[PDB]
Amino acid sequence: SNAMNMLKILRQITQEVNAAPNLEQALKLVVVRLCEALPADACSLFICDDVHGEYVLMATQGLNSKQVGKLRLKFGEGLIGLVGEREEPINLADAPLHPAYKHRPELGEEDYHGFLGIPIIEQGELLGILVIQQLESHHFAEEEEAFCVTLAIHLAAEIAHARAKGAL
């Protein structure tokens, strides 16, 4: 178990997020840091676009960078949609085997298996989704999930603040 590491990683990243000059920088910092520190092979952050009923990719490490600001996933659909509707984490060892998973080989991404999807919720309002993936067919351990969930609370506040300032 690596809970002590998680704690110090949280310390460093909480520091870096609060020092970030804007929301975009905070999000981009997080996906990179998570992959480096957990470690994990991909990390993506989606923000809700309530008018169009879609999640929009807003930061990624591991995925095609051009998809940032462009990749849209419909509310309620797929595994990521399921995370959003449950408003609970989904932690799996082999995501592609889940009945809700939508396989998109055309996108030319790596073959991930391990999956941790975490709802980003501000006082009961879903604002986005944090998605962590790895090549190994392993779920994420307890301290990893706790770390990511605790982090998502911070991300929710940062997104809410950006929205409240008209920065989105």
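Residues carry their position along the shown sequence, with the first being 1.
**OP:** Taking the mean of the C-alpha B-factors per stretch from the entry, tell me the winner out of 6 to 14 and 146 to 154.
**Re:** Here the higher of the two C-alpha B-factor means belongs to 6 to 14.
Original post:
Taking only the CA atoms, which stretch has the higher mean B-factor in the record, 43 to 51 or 123 to 131?
Top reply: Result: 123 to 131.
Original post:
Of the options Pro99, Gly114, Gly69, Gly117, which has the highest CA B factor as deposited?
Top reply: Highest C-alpha B-factor among the listed residues goes to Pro99.
Original post:
Of the three thirds of its chain by CA temperature factor, lowest, middle or highest, which one includes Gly76?
Top reply: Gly76: CA B-factor falls in the highest third of its chain.
Original post:
Is the Cα B-factor recorded for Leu23 in the lowest, middle or highest third of its chain?
Top reply: For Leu23, whose C-alpha B-factor we compare with every modelled residue in the chain, the answer is the middle third.
Subject >> Third of the chain's Cα B-factor distribution that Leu107 belongs to, per the entry >> reply: It belongs to the highest third of the chain when residues are ordered by C-alpha B-factor.
Original post:
Against its chain's modelled residues, does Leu29's Cα B factor rank lowest, middle or highest third?
Top reply: Its C-alpha B-factor belongs to the highest third of this chain's values.
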